[PDB]
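Inside the fold
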Amino acid sequence: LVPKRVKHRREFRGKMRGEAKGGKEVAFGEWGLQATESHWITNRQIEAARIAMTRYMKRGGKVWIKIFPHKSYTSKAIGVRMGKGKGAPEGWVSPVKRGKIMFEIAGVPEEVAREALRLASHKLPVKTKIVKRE
Amino acid sequence: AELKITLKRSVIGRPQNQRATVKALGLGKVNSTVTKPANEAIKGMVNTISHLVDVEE
Amino acid sequence: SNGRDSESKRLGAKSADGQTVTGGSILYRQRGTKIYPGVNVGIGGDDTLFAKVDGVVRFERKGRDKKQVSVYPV
Amino acid sequence: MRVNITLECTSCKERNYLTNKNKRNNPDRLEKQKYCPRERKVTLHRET
RNA sequence: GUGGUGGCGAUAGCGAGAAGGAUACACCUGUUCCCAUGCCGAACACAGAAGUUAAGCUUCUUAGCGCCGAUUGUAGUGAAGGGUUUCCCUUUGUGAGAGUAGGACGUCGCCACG
RNA sequence: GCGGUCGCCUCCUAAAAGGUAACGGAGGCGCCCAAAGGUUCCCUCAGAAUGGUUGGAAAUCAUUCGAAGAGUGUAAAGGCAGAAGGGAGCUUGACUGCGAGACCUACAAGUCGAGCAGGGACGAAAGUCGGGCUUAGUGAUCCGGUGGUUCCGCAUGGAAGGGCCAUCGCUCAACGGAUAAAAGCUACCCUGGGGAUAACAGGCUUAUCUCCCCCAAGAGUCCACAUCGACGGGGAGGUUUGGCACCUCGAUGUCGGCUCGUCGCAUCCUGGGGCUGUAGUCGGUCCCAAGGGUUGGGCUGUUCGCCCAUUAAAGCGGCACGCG
RNA sequence: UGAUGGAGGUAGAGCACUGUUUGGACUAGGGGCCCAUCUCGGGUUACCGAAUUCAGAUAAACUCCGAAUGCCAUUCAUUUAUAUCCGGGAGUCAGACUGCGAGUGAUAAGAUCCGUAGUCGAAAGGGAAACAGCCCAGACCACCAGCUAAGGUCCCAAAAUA
Ligand SMILES: [K+]
Ligand SMILES: [K+]
Ligand SMILES: [K+]
Ligand SMILES: [K+]
Ligand SMILES: [K+]
Ligand SMILES: [K+]
Ligand SMILES: [K+]
Ligand SMILES: [K+]
Ligand SMILES: [K+]
Ligand SMILES: [K+]
Ligand SMILES: [K+]
Ligand SMILES: [K+]
Ligand SMILES: [K+]
Ligand SMILES: [K+]
Ligand SMILES: [K+]
Ligand SMILES: [K+]
Ligand SMILES: [K+]
Ligand SMILES: [K+]
Ligand SMILES: [K+]
Ligand SMILES: [K+]
Ligand SMILES: [K+]
Ligand SMILES: [K+]
Ligand SMILES: [Mg+2]
Ligand SMILES: [Mg+2]
Ligand SMILES: [Mg+2]
Ligand SMILES: [Mg+2]
Ligand SMILES: [Mg+2]
Ligand SMILES: [Mg+2]
Ligand SMILES: [Mg+2]
Ligand SMILES: [Mg+2]
Ligand SMILES: [Mg+2]
Ligand SMILES: [Mg+2]
Ligand SMILES: [Mg+2]
Ligand SMILES: [Mg+2]
Ligand SMILES: [Mg+2]
Ligand SMILES: [Mg+2]
Ligand SMILES: [Mg+2]
Ligand SMILES: [Mg+2]
Ligand SMILES: [Mg+2]
Ligand SMILES: [Mg+2]
Ligand SMILES: [Mg+2]
Ligand SMILES: [Mg+2]
Ligand SMILES: [Mg+2]
Ligand SMILES: [Mg+2]
Ligand SMILES: [Mg+2]
Ligand SMILES: [Mg+2]
Ligand SMILES: [Mg+2]
Ligand SMILES: [Mg+2]
Ligand SMILES: [Mg+2]
Ligand SMILES: [Mg+2]
Ligand SMILES: [Zn+2]
């Protein structure tokens, strides 16, 4: 996952404080994975979690990725001193704040869903918990 | 009516506005006491430095 | 390459509401008409709002979503 | 090509005004009715 | 009642529907006249009063949209403190946005004809 | 050092006044316009649908829908549909002498300005006009050129030459401009300073690096976990490649070797043990264990590495990459 | 310090604009298959699918909104005692750390660069074992007097084996 276009190549790291503004409830799926901490999440982590969840589900049911890695983070190569401008964009992240429902799943029985979400959570860096649609 | 304000906490390390408020009330050394009218302005000053003083009637 | 920036133009209000000012005092510096010239107030060549006469400054709203400066002599 | 120029008063030959014109757009000498402070009245000023 | 003309944040609006022209206002009849169209008397200008409320306009119904919007709670936050201190928590004061109860199909003047 | 930058304008950083840095993130300027200025009058956009010769997605035309989603010379922000956008007529206020008072400000400068007078443009009048929707489009002084001038004129009259006013000559762009005029080598070097500032070692940090793990898609005939384990996740260590510049520049000697060792254990051998895809002999993996031992040469300054020949084994690291 | 009035778009939040973005509905349209080819019209992939719409996110350089604070001001109020202006004499232009808000960095550094408050600098004393910058607190002096702050009370070691 990578945005097709960006208004600005380089972006602030930002700060993550408090609960997520929105997306704290399950919208489409029957079950969801809620972040209990705040952390950056990379497109790689999102993709790894998504693949794990789908593989276990056996292409049964539907999977929604609520988060998207809009933000870009840069880096400086080894052996490069401080200064001389910002680094080149290295990767893409989604700042996820606690309470966000990162993934949703439907069309699968409850026990399969719980195991699938468990695998996805182990791939992600944040501590998580399973949430049922209300 | 009246307020007896006594400075129970040192002003060292405090914001300039709080130091100025204590001075405006007219308190000097620690445990220095003063008597003032219970006006809205005076009670406002006391509230500004409420953590540094004790107020009696 | 970045690293350029123009000098700040010290825009904004130069007189407070309810303040007495002399004729010709600058009330508000701006780009475009963020606030409009009201009574006894002129707008300079570069959108600066100034008092045409002595009086007290008053910022009001011009209708629903626009502002206005007036100078009222006493 | 835009160039600075001087408008001289025809009546008194006084170089009262400075301005600029685009030569290509205005090949001919510019002429304006401008106030001549020396004569204190409007006169024809021609570029020189 | 209508026509001019203003004040007030659209609570004056928009949408939909209904009624009226007695006067008034309009459409409306014309281009000889002043005047006019980068062509057109469509418009602007002028002259004039056969017809019509059809439209505009006026009055009225409507909460569909737009607009206004209390209280409660919450986010943030000044001040004073704490913790396991990229953050989080407590006391105190302040307190949104959102979402709602609701409000509202205007009101305050002056003139002229009735 | 190389590269980049140097003045000016706009935005974000900037923490709801103003201001506010970084070799922070984005862009622009060194002009253009005789109308793209002034004024009087007049007008309202972009797109979409429907219909329509050439004509096509899209040329021009018509109706409706359309509040700005257009335009505003030129970057961006702010602003403008009572227009600052668009069109027409007339014009030259893109005026002269100023200017109460303000903003900005170390100075020099910079910005705004009602209003007074002179003489005008437009308009019936009100009234507007000292350029352009606003904010860049610029350069001190010295020196010199051109024009004007009721100023001065070394005994006097002239003159020569100055003054004053107006204006021209700057990529003085290192843009408050050293001079009218200027590039290099030094390991033959020297002096005054600095740990304000680099190279060695120390310190902080741990991205990287080494090691240890979590999840388990898989490989393993079957069988995730004997063994290996993708996509991902989390740590420890302070031996690597690095970052910072805190001690040392009135001196902390730098590789390798030799002599002497000592310590850590993430154990190379030996000892104990579990699991095994352990028949036995061999092993693999993991657990405990630092008592002792852990090589002699060829090549290269070498460390490292390759090779020869051995050994139970030929461990990995720290100690100023121990030890001048 | 209070009361009152203001200017401003941050925190937060929001999607009304602009970017980024998820899923669903529908679909212009585009894809190859065959019939028909003058390539003319289909009928197709739950083929790819703009626009619209529904639902859901996201933003330093987005805003329909919008604080707390701070700021400007008042012939205002209470308390306080400084503010200007003129002149003589300076020194300073290496700052450090801590807390809070940002950037750079890797949301590393006792890193770097700003904003804001404090301390050190130029501050002795008590606490943090020792420990400029943290916590409490500002030494004119004498005392073999007393009350407290931070921090403490079993022994070193003053005070609860409360
Ligand atoms: K996790
Ligand atoms: K007519
Ligand atoms: K009608
Ligand atoms: K209404
Ligand atoms: K014109
Ligand atoms: K220079
Ligand atoms: K040499
Ligand atoms: K060393
Ligand atoms: K580490
Ligand atoms: K471990
Ligand atoms: K098995
Ligand atoms: K040295
Ligand atoms: K074994
Ligand atoms: K051993
Ligand atoms: K050798
Ligand atoms: K050798
Ligand atoms: K050793
Ligand atoms: K030696
Ligand atoms: K939006
Ligand atoms: K913002
Ligand atoms: K002085
Ligand atoms: K600080
Ligand atoms: Mg600026
Ligand atoms: Mg101008
Ligand atoms: Mg509300
Ligand atoms: Mg500001
Ligand atoms: Mg501020
Ligand atoms: Mg224009
Ligand atoms: Mg003579
Ligand atoms: Mg002589
Ligand atoms: Mg310079
Ligand atoms: Mg030689
Ligand atoms: Mg020397
Ligand atoms: Mg020295
Ligand atoms: Mg140093
Ligand atoms: Mg040392
Ligand atoms: Mg430093
Ligand atoms: Mg010495
Ligand atoms: Mg061990
Ligand atoms: Mg030999
Ligand atoms: Mg050594
Ligand atoms: Mg030695
Ligand atoms: Mg925010
Ligand atoms: Mg530092
Ligand atoms: Mg010093
Ligand atoms: Mg001390
Ligand atoms: Mg000392
Ligand atoms: Mg006691
Ligand atoms: Mg004791
Ligand atoms: Mg006890
Ligand atoms: Zn003349």
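Residues numbered from 1 in each chain as written, not as in the entry; some residues may be left out. Chains lettered and ligands numbered in written order. Part of a larger assembly, values for the part shown. Heavy atoms only, no water.

The PDB entry annotates chain B as 50S ribosomal protein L30 of Enterococcus faecalis. The title attached to this entry in the PDB is "PoxtA-EQ2 antibiotic resistance ABCF bound to E. faecalis 70S ribosome, state I". The UniProt entry for chain B carries this comment under Subunit: "Part of the 50S ribosomal subunit." As its UniProt record puts it under Sequence similarities, chain B is described as follows: "Belongs to the universal ribosomal protein uL30 family." (UniProt positions renumbered as here; feature names shortened; annotations may be inferred.)

Per the PDB entry, chain A goes by the name 50S ribosomal protein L16 and belongs to Enterococcus faecalis. In the Function part of its UniProt record, chain A is described as follows: "Binds 23S rRNA and is also seen to make contacts with the A and possibly P site tRNAs." The annotation that UniProt attaches to chain A under Subunit is "Part of the 50S ribosomal subunit."

**Concerning the overall build of chain B**
Scanning chain B for helices and strands turns up 2 helices and 3 strands. Tracing chain B from N to C terminus, the helices and strands come up as β-α-β-α-β. In terms of overall dimensions, chain B is globule-like: its C-alpha atoms have a radius of gyration of 10 Å, near the 10 Å expected for 57 residues. Projected onto its principal axes, the C-alpha positions of chain B cover 30 × 20 × 15 Å. Relative to its full complement of 57 residues, chain B shows a buried share of 28%. In chain B, 71% of the contacts between residues at least 6 apart in sequence involve partners at least 24 apart. (Helix = DSSP H or I, 4+ residues; strand = E, 2+ residues; numbered from the N terminus. Rg over C-alpha atoms; globule rule 2.2 N^0.38 Å. Buried < 20%, exposed > 50% of the residue type's maximum accessible area, 1.4 Å probe, protein only. Contact = heavy atoms within 4.5 Å.)

**Brief notes about the protein's contact with RNA strand G**
As a matter of local geometry, RNA strand G sits amid 57 residues, with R10 and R17 of chain A, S10 and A24 of chain B together with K67 of chain C nearest to it. By atom count, sugar and phosphate contribute 73% of the portion of RNA strand G lying within 4 Å of the protein. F12 of chain A places a polar main-chain atom, nitrogen or oxygen, 3.1 Å from a base nitrogen of RNA strand G. Here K21 of chain A contributes a side-chain N or O atom positioned 3.2 Å from a phosphate oxygen of RNA strand G. Of all elements in the fold, only strand 3 (62-65) and strand 4 (71-75) of chain A together with helix 1 (16-25) and helix 2 (40-48) of chain B reach the threshold of two or more residues within the surface near RNA strand G. Top contributing element to the surface near RNA strand G by residue count: helix 2 of chain B, with 6 residues. Residues belonging to the surface near RNA strand G are distributed by class as follows: 19 nonpolar, 17 polar and 21 charged. (Near = heavy atom within 4 Å. Polar contact = N/O pair within 3.5 Å; in protein donor to acceptor, adjacent residues only side chain to side chain. Nonpolar A, V, L, I, M, F, W, Y, C, P; charged D, E, K, R; others polar.)

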